[PDB]
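Okay, so here's the structure we're looking at.
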Amino acid sequence: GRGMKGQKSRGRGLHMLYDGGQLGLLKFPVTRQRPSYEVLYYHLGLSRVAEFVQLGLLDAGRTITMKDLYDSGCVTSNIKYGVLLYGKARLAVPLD
Amino acid sequence: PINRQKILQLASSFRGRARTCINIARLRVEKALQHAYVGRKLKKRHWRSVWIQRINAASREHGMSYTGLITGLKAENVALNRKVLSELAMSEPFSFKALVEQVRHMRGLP
Amino acid sequence: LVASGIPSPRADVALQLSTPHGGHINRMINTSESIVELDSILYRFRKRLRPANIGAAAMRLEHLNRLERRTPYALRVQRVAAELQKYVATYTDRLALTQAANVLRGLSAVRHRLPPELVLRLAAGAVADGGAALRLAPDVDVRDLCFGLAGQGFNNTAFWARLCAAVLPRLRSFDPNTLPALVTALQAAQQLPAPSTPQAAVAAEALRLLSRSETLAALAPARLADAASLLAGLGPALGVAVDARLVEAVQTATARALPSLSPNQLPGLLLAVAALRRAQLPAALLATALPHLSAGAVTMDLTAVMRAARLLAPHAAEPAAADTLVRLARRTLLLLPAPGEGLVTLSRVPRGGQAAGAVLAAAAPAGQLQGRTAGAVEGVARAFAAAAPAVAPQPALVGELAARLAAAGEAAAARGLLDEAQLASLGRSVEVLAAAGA
Amino acid sequence: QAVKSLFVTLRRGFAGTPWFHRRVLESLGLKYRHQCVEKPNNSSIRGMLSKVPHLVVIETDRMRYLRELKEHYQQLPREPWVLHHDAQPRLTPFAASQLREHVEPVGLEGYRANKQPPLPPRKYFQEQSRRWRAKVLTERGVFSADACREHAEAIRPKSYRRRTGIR
Amino acid sequence: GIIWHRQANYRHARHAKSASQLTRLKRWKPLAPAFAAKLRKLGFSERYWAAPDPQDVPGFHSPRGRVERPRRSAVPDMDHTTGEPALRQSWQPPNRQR
Amino acid sequence: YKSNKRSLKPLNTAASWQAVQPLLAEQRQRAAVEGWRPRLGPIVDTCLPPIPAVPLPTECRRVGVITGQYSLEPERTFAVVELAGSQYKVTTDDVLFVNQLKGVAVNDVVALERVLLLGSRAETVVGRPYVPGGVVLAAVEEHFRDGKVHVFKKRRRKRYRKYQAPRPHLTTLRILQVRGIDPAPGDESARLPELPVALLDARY
Amino acid sequence: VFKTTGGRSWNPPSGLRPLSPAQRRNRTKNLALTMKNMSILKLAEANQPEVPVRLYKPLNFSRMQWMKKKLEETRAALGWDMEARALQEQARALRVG
Amino acid sequence: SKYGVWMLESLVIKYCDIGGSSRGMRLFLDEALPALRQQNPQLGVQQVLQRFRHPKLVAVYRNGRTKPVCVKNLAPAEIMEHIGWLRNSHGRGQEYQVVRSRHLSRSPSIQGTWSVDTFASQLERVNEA
RNA sequence: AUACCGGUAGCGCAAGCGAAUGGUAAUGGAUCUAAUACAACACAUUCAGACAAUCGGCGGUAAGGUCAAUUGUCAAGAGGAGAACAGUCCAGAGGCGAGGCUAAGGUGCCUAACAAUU
RNA sequence: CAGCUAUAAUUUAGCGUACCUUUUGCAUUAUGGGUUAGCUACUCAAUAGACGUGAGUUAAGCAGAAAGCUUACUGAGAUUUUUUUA
Ligand SMILES: [Mg+2]
Ligand SMILES: [Mg+2]
Ligand SMILES: [Mg+2]
Ligand SMILES: [Mg+2]
Ligand SMILES: [Mg+2]
Ligand SMILES: [Mg+2]
Ligand SMILES: [Mg+2]
Ligand SMILES: [Mg+2]
Ligand SMILES: [Mg+2]
Ligand SMILES: [Mg+2]
Ligand SMILES: [Mg+2]
Ligand SMILES: [Mg+2]
Ligand SMILES: [Mg+2]
Ligand SMILES: [Mg+2]
């Protein structure tokens with residue numbers, strides 16, 4: 001399945017990203033902008049917090065802390081640096 | 001490619017080292033089967049030509065050609081093909097003579 | 001701009017999609033502006049869908065099906081509905097009231113009925129407590145849940161009792177235009193009997209909320225049409241009465257909410273106020289709603305031109321009523337197939353989003369003969385036999401109208417969509433129209 | 001006498017034909033030689049046919065009806081001719097073999113009559129028996145009952161036939 | 001899963017270019033499908049232009065460093081004997097090894 | 001235009017026309033409320049049926065089943081019968097190997113009614129299509145696969161070879177009698193025992 | 001064709017060999033068939049009936065297999081009330097029959 | 001069958017009790033061989049048992065010929081079509097192939113073969129002109 | 001119910017006229033579509049071409065020279081004809097048959113087939 | 001190129017320019033092989049992509065794990081429902 005007498009016929013001598021000599025992937029600018037922090041934070045939506053409150057997993061009369069969110073599986077990861085809340089959801093109950 | 005016992009027993013009746021040595025007999029048997037394909041295809045042409053020669057000879061004995069007899073028999077809706085007409089030419093010459101004189105009669109009415 | 005013929009990325013969609021936040025599949029669903037675009041999004045992430053994505057997909061399928069004017073029984077809509085039904089069967093006890101209400105409303109408004117044991121599971125999961133699901137969910141979730149369970153059959157009358165017992169203390173904190181959907185959902189099932197009692201109690205308290213002033217002037221337009229219909233249909237049976245305060249408020253707010261109804265909603269509201277005054281069409285209200293009825297008759301479906309023709313049936317001698325009725329006559333002539341299209345061609349119908357089913361509604365308007373329009377050609381025939389002297393100035397028009405009414409009646413009787421009583425009434429109306437036509 | 005349809009038959013092939021004539025012949029619905037299709041009589045079909053008049057044989061439906069009637073009446077059965085007009089040479093050894101195989105009744109007795117000695121063992125079974133004997137002489141010894149019995153059966157003569165074919 | 005990059009021909013020599021050309025070159029464009037397929041198969045999954053530092057997050061700071069030293073990184077790497085097999089056609093044997 | 005790449009212009013043209021279609025329908029409907037080619041019934045074909053000639057089609061009739069051993073004395077009459085795909089001049093006590101006949105079984109007696117010529121020493125009935133009343137009775141003897149044919153195809157210097165070895169399916173027919181024409185003097189057939197058969201159909 | 005030199009014998013040493021009467025007979029037969037084709041085309045253009053004939057064609061195999069696949073994926077994607085709804089109008093059709 | 005005599009006197013069937021190649025053969029014996037015995041009353045079907053060997057199908061013919069066929073891993077339909085080929089034949093093998101004119105007869109030439117003497121009297125009148 | 005685009009061949013003393021095939025869009029096809037169209041789905045191969053006919057540059061209106069355009073074949077294609085024959089003409093080989101009809105080419109003998117018209 | 005097809009059946013007729021590799025093109029007077037037997041070339045690990053077949057879904061996998069690590073989810077309030085009618 002290799003064809004006739006090329007360099008592909010010899011086997012393991014040419015990298016997949018070599019394109020002939022025009023280094024096209026080396027013609028684009030390099031950006032060193034580090035993104036802001038909060039991309040290392042866990043992102044949790046108010047919609048998931050409200051969904052867990054309607055399911056009955058979260059107390060909704062007591063305070064809902066990060067420990068309560070971690071134990072009920074509302075945060076589906078290990079919280080390394082913290083939890084960022086983003087939202088715009090409709091809530092019918094008061095929540096601390 | 002082809003089983004080695006099959007190649008040996010196909011080359012059984014060859015001559016020389018092409019009978020017993022396996023890798024000479026392999027090429028010889030492959031060429032023999034390529035010959036067999038063309039020979040099978042040429043059987044039909046050879047025997048049709050042989051039949052047409054026999055019809056032409058038996059028709060020219062009675063003064064008619066092959067063309068006249070075939071055209072007259074097809075014009076009278078007689079569906080005898082070349083094989084049975086050649087067999088009638090060889091083995092029933094009186095039947096073939098009757099056919100030739102009848103075809104002369106109806107394609108000689110004016 | 002990739003390759004000069006591929007659309008350049010939009011500004012607000014790229015600003016919404018490029019977030020550090022999660023929620024990418026739901027944002028891709030919400031920016032899908034047509035049907036197999038949504039289906040390709042569901043295909044790309046089919047090993048990645050969670051209950052929130054299923055609720056968003058059902059709601060978006062509902063909105064995109066209503067956004068075009070194509071039927072919900074199209075094969076694309078039914079394939080997306082069955083694909084979502086697989087995930088609904090997978091997550092049938094994990095769905096919260098938001099997501100269960102989302103999938104129920106989305107699959108009922110595209111008229112895809114779930115298996116009834118799945119509906120039973122999905123409602124018993126809503127009430128598998130001391131009603132605590134219905135007290136943490138907002139009013140829109142209760143409205144969508146009631147609308148979804150009014151479809152899918154499920155006239156259980158024991159589930160509805162505990163739902164109405166859960167929603168009755170919370171009902172006066174609801175926003176005042178979700179109440180007609182609750183009353184319509186209770187009426188749509190076999191609840192509200194004598195054509196159990198907490199259902200009638202919450203319907204009565206909802207209609208008491210809807211009947212008052214200072215809120216009836218604050219409903220959105222096209223919610224006042226359904227509220228007026230529900231009041232005129234259920235006033236003397238259970239709730240409020242004849243009194244002129246309500247009728248004055250309805251007429252006053254109807255005079256303000258006229259331009260914001262689509263033309264399929266105007267004759268329902270005007271027949272609603274006509275039924276309200278019988279528990280008619282008063283002066284100087286018809287003269288300002290009738291230019292809207294003539295300007296909305298260019299894009300108006302056949303049951304809506306029934307309702308407008310029945311509305312304009314009891315008076316035809318007025319010239320404004322007369323040329324409004326001949327405008328409805330030309331509209332009914334337009335969207336009903338000829339007995340023998342030419343407006344637009346079928347090869348150029350859009351597969352896109354905006355009003356592609358409206359283009360398919362022209363370009364051989366046959367094939368839109370469902371059962372609703374099958375009975376509705378009989379209704380339009382009766383309504384135009386009632387309105388004699390408005391169209392009878394045009395002889396060839398009413399003759400061709402009778403020809404198309406008879407042709408559609410014969411075709412839909414051949415399809416098995418009519419019976420002998422409707423056929424006899426259709427025959428009486430078409431012979432009246434054909435006798436008037438010569 | 002109105003030409004309702006046309007009957008189009010390829011008389012040429014596809015090889016050597018330019019690709020645009022080939023595409024016109026594809027869109028006429030012709031794939032093989034001697035294949036006749038019935039085409040309507042409108043300006044589209046006539047344009048396709050006037051692009052390729054040297055590759056096809058066009059004929060009217062009336063023309064084809066008259067031809068099919070003519071050859072149908074010609075192929076109808078007629079009365080037979082009755083013509084009045086009023087020692088086999090030699091057969092080869094191979095002809096005698098073939099008639100002995102198929103024509104005269106020679107193989108008509110039972111199996112116990114006309115049975116033959118068996119053919120000698122084919123080379124596969126000889127190799128299998130040779131492998132068994134090598135196994136026996138290895139793991140059981142020369143002086144075993146199996147080795148001695150195999151030698152005793154080898155020494156006795158056997159009644160066989162001769163192979164005639166190549167297998 | 002689309003691989004994006006900034007447009008080239010914008011770093012310098014901007015005086016010799018029109019206003020529309022400079023506005024056009026500020027935009028980003030996706031990679032061509034063939035190159036993107038090779039990078040995706042090679043295993044390229046970089047979600048950011050540069051890695052966000054685990055420090056600089058509030059509550060997660062160095063015990064003794066006031067912050068840290070950044071170390072700006074360079075981008076040249078091409079040799080036919082040792083670095084970047086992707087940027088060479090074949091492998092060159094070394095120069096006599098002393 | 002030298003780019004050897006498919007243009008997106010047909011997609012752009014189709015998009016533009018489909019985009020304007022809802023406006024065209026709405027405005028045309030608004031003018032139709034506020035204010036092309038005739039086609040024929042689709043016929044299957046335009047040539048009326050020619051009523052095809054029925055031949056004496058029964059090449060094999062399955063007249064009867066042979067019960068027991070029989071014998072066939074040779075006769076001085078012959079016939080030419082059209083069978084499988086060819087025609088064979090045939091006599092009584094004759095063996096024909098023909099392409100497998102379907103619907104016939106071993107020991108069955110079949111009637112070959114496609115007789116093209118019937119002949120005796122004295123007269124020959126030459127038959128335009130077929131001779132009426134001419135029938136040849138044949139006994140099916142075998143349904144056997146013939147000898148293997150080695151079909152090998154090879155192209156030199158190209159790595160292409162293909163070998164298959166089919167065995168043809170054939171049927172042995174023993175001819176029992178030729179009917180229709182009679183022997184020229186009827187000199188002698190010895191009146192041999194007449195072939196014991198079931199005769200599930202007969203014509204005599 | 002039309003080559004005399006160049007070491008490859010496409011012709012005899014004389015640059016062609018002209019048409020035998022068999023070749024001319026074949027070209028005459030083919031030209032006669034072409035002339036009858038275009039004469040028949042002129043006659044069919046001059047005798048075409050108004051509202052011309054449409055012949056029955058089946059669906060091609062691609063539309064046929066595509067639409068059988070589409071119909072089989074309607075059957076899996078039907079709602080629960082659908083076959084009863086179809087059966088109701090099926091009964092109602094033959095009550096009027 | 002040659003001259004009415006059925007020509008296949010005996011059929012021998014060998015199989016195995018435990019072998020997996022004899023699944024089809026055991027199914028053929030259990031469900032299909034009574035039908036073969038009822039439909040072929042002239043036949044004689046033996047049943048031999050070889051506890052470690054592949055299934056075989058030995059056909060014994062009335063001209064003394066014998067033909068062994070191996071039927072390993074075959075379904076009862078394929079065994080039935082093998083016996084259909086064995087029963088309807090005289091047992092000729094892969095190597096025989098018959099005369100290519102497909103015709104074989106004693107006495108070809110009624111009226112005599114054409115010779116030099118058949119039309120001798122006519123050809124001298126032909127040469128007379 | 002058709003519309004725009006082009007400045008060649010030819011012609012003219014020039015300015016300028018100006019085809020045929022052609023491109024593009026709309027409309028109509030119960031004409032074709034055992035398939036087509038697309039794919040940021042995946043796996044390749046190829047990136048040395050040759051000749052024949054029709055129109056050309058450079059050559060000698062030389063070269064199975066080299067380089068353009070259109071078409072075909074070979075490449076990767078057997079069969080029949082051309083005596084033999086990569087590229088010409090006919091014709092696209094699943095297999096078997098001692099069936100029939102034809103194409104290119106033939107119809108004195110080798111070598112199948114009319115002293116047909118003779 | 002030493003065979004093929006033959007009812008040719010003590011002997012004839014017809015057909016038939018080996019294989020491989022490399023080439024635009026080889027019977028080629030281009031490469032290779034005296035024959036026979038034995039040995040002789042797309043393997044394995046880690047990682048990445050895709051497809052086929054699944055598992056789990058209380059998101060998945062690794063793990064002894066309520067450590068931990070790697071992938072995956074987290075949003076909008078969008079009029080729609082009974083074959084027509086009081
Ligand atoms: Mg030969
Ligand atoms: Mg032939
Ligand atoms: Mg050609
Ligand atoms: Mg065993
Ligand atoms: Mg010029
Ligand atoms: Mg070319
Ligand atoms: Mg080719
Ligand atoms: Mg060739
Ligand atoms: Mg040749
Ligand atoms: Mg040969
Ligand atoms: Mg080599
Ligand atoms: Mg050497
Ligand atoms: Mg070896
Ligand atoms: Mg633990």
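Numbering starts fresh at 1 for the residues of each chain in the structure tokens, the chains themselves are lettered A, B, ... in the order given, and ligands are numbered from 1 as they appear.
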Site check for ligand 1: residues at most 12 Å away, only C-alpha atoms (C1' of nucleotides) and all ligand atoms, as a PDB file with N, CA, C and O atoms (P, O5', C5', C4', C3', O3' and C1' of nucleotides), in the first residue's frame:
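The resulting file, selection.pdb, is reproduced below:
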```pdb
ATOM      1  N   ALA B  32      -0.291 -22.662 -20.087  1.00  0.00           N
ATOM      2  CA  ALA B  32      -1.237 -23.644 -20.610  1.00  0.00           C
ATOM      3  C   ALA B  32      -2.679 -23.225 -20.366  1.00  0.00           C
ATOM      4  O   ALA B  32      -3.538 -23.391 -21.237  1.00  0.00           O
ATOM      5  N   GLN B  34      -3.705 -20.059 -19.897  1.00  0.00           N
ATOM      6  CA  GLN B  34      -3.929 -18.926 -20.793  1.00  0.00           C
ATOM      7  C   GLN B  34      -4.194 -19.379 -22.226  1.00  0.00           C
ATOM      8  O   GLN B  34      -4.971 -18.745 -22.947  1.00  0.00           O
ATOM      9  N   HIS B  35      -3.539 -20.456 -22.667  1.00  0.00           N
ATOM     10  CA  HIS B  35      -3.850 -21.026 -23.976  1.00  0.00           C
ATOM     11  C   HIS B  35      -5.248 -21.623 -23.999  1.00  0.00           C
ATOM     12  O   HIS B  35      -5.936 -21.563 -25.026  1.00  0.00           O
ATOM     13  N   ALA B  36      -5.662 -22.236 -22.887  1.00  0.00           N
ATOM     14  CA  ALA B  36      -6.952 -22.913 -22.825  1.00  0.00           C
ATOM     15  C   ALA B  36      -8.109 -21.935 -22.946  1.00  0.00           C
ATOM     16  O   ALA B  36      -9.132 -22.260 -23.559  1.00  0.00           O
ATOM     17  N   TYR B  37      -7.954 -20.735 -22.374  1.00  0.00           N
ATOM     18  CA  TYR B  37      -8.985 -19.699 -22.490  1.00  0.00           C
ATOM     19  C   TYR B  37      -9.242 -19.311 -23.948  1.00  0.00           C
ATOM     20  O   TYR B  37     -10.391 -19.314 -24.421  1.00  0.00           O
ATOM     21  N   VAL B  38      -8.171 -19.022 -24.686  1.00  0.00           N
ATOM     22  CA  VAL B  38      -8.276 -18.604 -26.079  1.00  0.00           C
ATOM     23  C   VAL B  38      -8.755 -19.753 -26.958  1.00  0.00           C
ATOM     24  O   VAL B  38      -9.540 -19.548 -27.893  1.00  0.00           O
ATOM     25  N   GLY B  39      -8.314 -20.979 -26.665  1.00  0.00           N
ATOM     26  CA  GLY B  39      -8.783 -22.124 -27.426  1.00  0.00           C
ATOM     27  C   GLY B  39     -10.266 -22.385 -27.253  1.00  0.00           C
ATOM     28  O   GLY B  39     -10.968 -22.698 -28.223  1.00  0.00           O
ATOM     29  N   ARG B  40     -10.764 -22.238 -26.018  1.00  0.00           N
ATOM     30  CA  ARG B  40     -12.195 -22.360 -25.763  1.00  0.00           C
ATOM     31  C   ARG B  40     -12.981 -21.282 -26.490  1.00  0.00           C
ATOM     32  O   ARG B  40     -14.085 -21.538 -26.980  1.00  0.00           O
ATOM     33  N   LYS B  41     -12.432 -20.070 -26.573  1.00  0.00           N
ATOM     34  CA  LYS B  41     -13.152 -19.022 -27.289  1.00  0.00           C
ATOM     35  C   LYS B  41     -13.123 -19.226 -28.801  1.00  0.00           C
ATOM     36  O   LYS B  41     -14.057 -18.810 -29.492  1.00  0.00           O
ATOM     37  N   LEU B  42     -12.078 -19.858 -29.334  1.00  0.00           N
ATOM     38  CA  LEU B  42     -11.963 -20.071 -30.774  1.00  0.00           C
ATOM     39  C   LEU B  42     -12.662 -21.325 -31.280  1.00  0.00           C
ATOM     40  O   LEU B  42     -12.777 -21.480 -32.503  1.00  0.00           O
ATOM     41  N   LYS B  43     -13.074 -22.232 -30.378  1.00  0.00           N
ATOM     42  CA  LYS B  43     -13.885 -23.397 -30.757  1.00  0.00           C
ATOM     43  C   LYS B  43     -15.115 -23.019 -31.567  1.00  0.00           C
ATOM     44  O   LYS B  43     -15.429 -23.657 -32.580  1.00  0.00           O
ATOM     45  N   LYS B  44     -15.813 -21.972 -31.133  1.00  0.00           N
ATOM     46  CA  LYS B  44     -17.086 -21.592 -31.727  1.00  0.00           C
ATOM     47  C   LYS B  44     -16.900 -21.043 -33.134  1.00  0.00           C
ATOM     48  O   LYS B  44     -17.631 -21.421 -34.059  1.00  0.00           O
ATOM     49  N   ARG B  45     -15.891 -20.184 -33.317  1.00  0.00           N
ATOM     50  CA  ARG B  45     -15.582 -19.642 -34.635  1.00  0.00           C
ATOM     51  C   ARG B  45     -15.111 -20.725 -35.592  1.00  0.00           C
ATOM     52  O   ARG B  45     -15.535 -20.754 -36.759  1.00  0.00           O
ATOM     53  N   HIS B  46     -14.245 -21.625 -35.112  1.00  0.00           N
ATOM     54  CA  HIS B  46     -13.723 -22.698 -35.951  1.00  0.00           C
ATOM     55  C   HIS B  46     -14.832 -23.622 -36.423  1.00  0.00           C
ATOM     56  O   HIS B  46     -14.918 -23.951 -37.613  1.00  0.00           O
ATOM     57  N   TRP B  47     -15.728 -24.009 -35.517  1.00  0.00           N
ATOM     58  CA  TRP B  47     -16.756 -24.951 -35.923  1.00  0.00           C
ATOM     59  C   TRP B  47     -17.853 -24.294 -36.742  1.00  0.00           C
ATOM     60  O   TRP B  47     -18.432 -24.960 -37.606  1.00  0.00           O
TER      61      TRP B  47
ATOM     62  P     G J   3       4.967 -29.933 -23.889  1.00  0.00           P
ATOM     63  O5'   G J   3       3.920 -29.039 -23.103  1.00  0.00           O
ATOM     64  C5'   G J   3       2.530 -29.160 -23.340  1.00  0.00           C
ATOM     65  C4'   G J   3       1.869 -27.810 -23.290  1.00  0.00           C
ATOM     66  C3'   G J   3       0.410 -27.760 -23.698  1.00  0.00           C
ATOM     67  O3'   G J   3      -0.462 -28.104 -22.638  1.00  0.00           O
ATOM     68  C1'   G J   3       1.596 -26.068 -24.824  1.00  0.00           C
ATOM     69  P     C J   4      -1.702 -29.086 -22.889  1.00  0.00           P
ATOM     70  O5'   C J   4      -2.826 -28.138 -23.486  1.00  0.00           O
ATOM     71  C5'   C J   4      -3.247 -26.970 -22.799  1.00  0.00           C
ATOM     72  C4'   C J   4      -3.937 -26.020 -23.741  1.00  0.00           C
ATOM     73  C3'   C J   4      -5.151 -26.576 -24.465  1.00  0.00           C
ATOM     74  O3'   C J   4      -6.348 -26.488 -23.711  1.00  0.00           O
ATOM     75  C1'   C J   4      -3.728 -25.485 -26.009  1.00  0.00           C
ATOM     76  P     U J   5      -7.382 -27.710 -23.705  1.00  0.00           P
ATOM     77  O5'   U J   5      -8.725 -27.148 -24.358  1.00  0.00           O
ATOM     78  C5'   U J   5      -8.761 -25.956 -25.130  1.00  0.00           C
ATOM     79  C4'   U J   5      -9.337 -26.193 -26.504  1.00  0.00           C
ATOM     80  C3'   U J   5      -9.918 -27.569 -26.745  1.00  0.00           C
ATOM     81  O3'   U J   5     -11.229 -27.698 -26.236  1.00  0.00           O
ATOM     82  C1'   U J   5      -8.598 -26.904 -28.606  1.00  0.00           C
ATOM     83  P     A J   6     -11.826 -29.153 -25.943  1.00  0.00           P
ATOM     84  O5'   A J   6     -12.353 -29.646 -27.361  1.00  0.00           O
ATOM     85  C5'   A J   6     -12.112 -30.969 -27.808  1.00  0.00           C
ATOM     86  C4'   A J   6     -12.081 -31.044 -29.310  1.00  0.00           C
ATOM     87  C3'   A J   6     -11.939 -32.433 -29.901  1.00  0.00           C
ATOM     88  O3'   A J   6     -13.175 -33.117 -29.963  1.00  0.00           O
ATOM     89  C1'   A J   6     -10.428 -30.958 -30.966  1.00  0.00           C
ATOM     90  P     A J  13      -0.980 -31.107 -40.702  1.00  0.00           P
ATOM     91  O5'   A J  13      -2.136 -30.055 -40.440  1.00  0.00           O
ATOM     92  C5'   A J  13      -3.299 -30.053 -41.247  1.00  0.00           C
ATOM     93  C4'   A J  13      -4.441 -29.357 -40.560  1.00  0.00           C
ATOM     94  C3'   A J  13      -4.105 -28.058 -39.854  1.00  0.00           C
ATOM     95  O3'   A J  13      -4.012 -26.957 -40.735  1.00  0.00           O
ATOM     96  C1'   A J  13      -5.449 -29.388 -38.452  1.00  0.00           C
ATOM     97  P     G J  14      -2.915 -25.819 -40.485  1.00  0.00           P
ATOM     98  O5'   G J  14      -3.604 -24.844 -39.435  1.00  0.00           O
ATOM     99  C5'   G J  14      -4.800 -24.148 -39.752  1.00  0.00           C
ATOM    100  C4'   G J  14      -5.559 -23.757 -38.507  1.00  0.00           C
ATOM    101  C3'   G J  14      -4.843 -22.821 -37.549  1.00  0.00           C
ATOM    102  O3'   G J  14      -4.952 -21.464 -37.928  1.00  0.00           O
ATOM    103  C1'   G J  14      -5.742 -24.627 -36.342  1.00  0.00           C
ATOM    104  P     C J  15      -3.756 -20.441 -37.625  1.00  0.00           P
ATOM    105  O5'   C J  15      -3.844 -20.194 -36.059  1.00  0.00           O
ATOM    106  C5'   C J  15      -4.967 -19.553 -35.483  1.00  0.00           C
ATOM    107  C4'   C J  15      -4.927 -19.639 -33.983  1.00  0.00           C
ATOM    108  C3'   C J  15      -3.667 -19.119 -33.322  1.00  0.00           C
ATOM    109  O3'   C J  15      -3.591 -17.711 -33.236  1.00  0.00           O
ATOM    110  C1'   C J  15      -4.221 -21.197 -32.381  1.00  0.00           C
ATOM    111  P     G J  16      -2.178 -16.987 -33.460  1.00  0.00           P
ATOM    112  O5'   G J  16      -1.345 -17.359 -32.159  1.00  0.00           O
ATOM    113  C5'   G J  16      -1.767 -16.937 -30.873  1.00  0.00           C
ATOM    114  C4'   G J  16      -0.968 -17.599 -29.781  1.00  0.00           C
ATOM    115  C3'   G J  16       0.526 -17.379 -29.834  1.00  0.00           C
ATOM    116  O3'   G J  16       0.893 -16.115 -29.323  1.00  0.00           O
ATOM    117  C1'   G J  16       0.072 -19.651 -29.375  1.00  0.00           C
TER     118        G J  16
END
```
Step by step, measure atom-to-atom distances between ligand 12 and each residue using only C-alpha atoms (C1' of nucleotides) and all ligand atoms, keep those at most 10 Å, then write them as a list in words.
-> residues 31, 32, 33 and 34 of chain J
Exercise: residue 59 of chain G partners within 12 Å, only C-alpha atoms (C1' of nucleotides), chain neighbours under 3 positions left out, as a PyMOL selection string:
(chain G and resi 56+62-68) or (chain I and resi 30+32-33)
From segment 12-89 of chain G, collect each residue whose DSSP state is helix (DSSP H, G or I) and return the set as number ranges by chain. G: 21-46, 61-75, 82-89
- Message: List as a list in words the protein and nucleic acid residues near segment 193-200 of chain C, meaning an atom at most 9 Å away when only C-alpha atoms (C1' of nucleotides) are counted, but skip any in the same chain fewer than 3 places from it.
- Response: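 The neighbour list is residues 157, 158, 160, 161, 162, 163, 164, 165, 168, 186, 187, 190, 203, 204, 205, 237 and 238 of chain C.
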| Taking only C-alpha atoms (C1' of nucleotides) and all ligand atoms into account, which residues are within 12 Å of ligand 9, as a ChimeraX atom specification? | /I:79-85,88-89,105
Name each residue within 6 Å of ligand 3, counting only C-alpha atoms (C1' of nucleotides) and all ligand atoms, as a compact mmCIF listing (two decimals) with N, CA and C atoms, in the first residue's frame.
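Writing the result to part_26.txt gives the following:
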```
# COMPACT_ATOMS: atom_id res chain seq x y z
N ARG D 12 -23.52 2.86 -32.71
CA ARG D 12 -22.11 3.00 -32.40
C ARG D 12 -21.89 2.72 -30.92
N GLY D 13 -20.62 2.74 -30.51
CA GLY D 13 -20.25 2.50 -29.14
C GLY D 13 -19.90 3.78 -28.41
N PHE D 14 -19.39 3.60 -27.19
CA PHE D 14 -18.98 4.73 -26.38
C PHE D 14 -17.49 5.02 -26.47
N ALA D 15 -16.68 4.02 -26.81
CA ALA D 15 -15.24 4.20 -26.86
C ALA D 15 -14.83 4.98 -28.10
N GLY D 16 -13.98 5.98 -27.91
CA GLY D 16 -13.57 6.86 -28.97
C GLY D 16 -14.47 8.06 -29.18
N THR D 17 -15.67 8.03 -28.62
CA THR D 17 -16.59 9.14 -28.73
C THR D 17 -16.15 10.26 -27.79
```
Could you give me, as a Markdown table, a per-residue list for chain B showing, wherever an atom lies at most 8 Å from an atom of chain I, the closest pair of atoms and their distance in Å to one decimal, using only C-alpha atoms (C1' of nucleotides) and sorting by chain then residue number from low to high?
```
| residue | atom | partner | partner_atom | distance |
| --- | --- | --- | --- | --- |
| B:43 | CA | I:98 | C1' | 7.6 |
| B:44 | CA | I:98 | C1' | 6.8 |
| B:47 | CA | I:98 | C1' | 6.0 |
| B:48 | CA | I:98 | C1' | 7.9 |
| B:49 | CA | I:112 | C1' | 5.6 |
| B:52 | CA | I:112 | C1' | 7.6 |
| B:53 | CA | I:112 | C1' | 8.0 |
| B:65 | CA | I:114 | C1' | 7.4 |
| B:67 | CA | I:114 | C1' | 6.0 |
| B:68 | CA | I:114 | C1' | 7.6 |
| B:81 | CA | I:99 | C1' | 7.6 |
| B:83 | CA | I:98 | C1' | 7.5 |
```
